[PDB]
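Values quoted throughout were computed directly from the atomic coordinates according to the rules given, and no laboratory measurement underlies them. FYI the Cβ positions are ideal-geometry reconstructions off the backbone, even for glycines, and counts take in every protein chain you see.
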Amino acid sequence: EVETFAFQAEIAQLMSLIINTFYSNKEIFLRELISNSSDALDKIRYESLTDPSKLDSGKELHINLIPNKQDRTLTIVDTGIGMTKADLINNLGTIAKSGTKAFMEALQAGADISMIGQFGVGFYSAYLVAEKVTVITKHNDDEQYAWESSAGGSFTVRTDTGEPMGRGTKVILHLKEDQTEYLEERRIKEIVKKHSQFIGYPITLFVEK
Ligand SMILES: O=C(Nc1ccncc1)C1CC1
């Protein structure tokens, strides 16, 4: 049972700008997704300070980067607070409509495109490198769900029958044909060191056979 939803117009417009604007600095997608994971980890850590049972779904707070050259996917896994079904539908837990508006106003006032994450919509920078994004998520208060979009104005949400996750979020980037440099260990290591070197959770880059 798959539900198909239209993006709000303002979000669809931001996605079309990300996909169609000529912009060579595509590597910042990973900084943005790691930053989002760090924010989600901070949220479950804070909730656990007064309710330790919130970590019954998993005590380890970490970020894994999993390239798969056979599937041409880069997966960013975190064990943060995760998202409910309602969060997924509501722009993956973001204030994307007002965030997009503030980002566009900032660009008019001289901000850089790379500042997207300051406006709460850094997730959508995934489409700098991905033709399709799949988000699998488990929040303590809901079941495990899969969100997916290839842009084009729509996204889908379904219950996920896949490998149970415990708690957290997995962002699966189905990379564009010409963006497979982001599956190479040395390139991923370089971008993490450049942009994400002080994140306060362990970031493990998996290697491949
Ligand atoms: O936001 C981005 N591009 C963009 C291009 C033109 N106008 C607004 C935004 C990319 C960083 C993700």
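Fewest-first ordering of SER154, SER149, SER38 by other beta carbons within 10 Å of each residue's beta carbon gives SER154, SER38, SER149. Normalised Debye scattering of the chain at q = 0.08, 0.12, 0.19 Å⁻¹ gives log10 I(q)/I(0) of -0.26, -0.61, -1.58, counting only Cα atoms as equal scatterers and leaving out solvent. Counting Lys and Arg as +1 and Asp and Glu as -1 over every other residue whose Cβ lies under 14 Å from the Cβ of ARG186, the net charge comes to -1. Neighbour counts of C-beta atoms inside 10 Å place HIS195, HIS139 in the sequence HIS195, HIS139, starting with the fewest. Converting phi to 3J(HN,Hα) with the Karplus coefficients 6.51, -1.76 and 1.60 and the offset θ = phi - 60°, region 142-148 yields 8, 8, 7, 10, 10, 9, 8 Hz in sequence order, with x at every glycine or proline. Counting 0.36 nm for each residue step from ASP142 to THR156 and taking away their Cα separation leaves a gain of 3.3 nm.
The distance from the alpha carbon centre of region 167-204 to that of region 66-116 is 15 Å, rounded to a whole number. Global dimensions of region 86-127 from alpha-carbon coordinates: Rg and Dmax equal 10.5, 35 Å.
The residues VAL157, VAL133, when put in order of fewest to most other Cβ atoms within 10 Å, stand as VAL157, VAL133. Taking a ≥ b ≥ c as the square roots of the eigenvalues of the Cα gyration tensor, region 16-83 is prolate, since a/c reaches 1.5 or more and a/b is larger than b/c.
Taking only the alpha carbons of region 112-188, we obtain Rg and Dmax values of 14.2, 40 Å in that order.
As a test of the formula, what do you get for the chain when each DSSP H run with n ≥ 4 contributes -39,500 (n - 2.57) and the sum is divided by the residue count, at 222 nm and rounded to the nearest 500 deg cm²/dmol?
Estimated from H runs of four or more residues: -9500 deg cm²/dmol.
Once the Cβ-Cβ distance of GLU47 and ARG186 is raised to the sixth power relative to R0 = 22 Å, the FRET efficiency obtained is 0.05.
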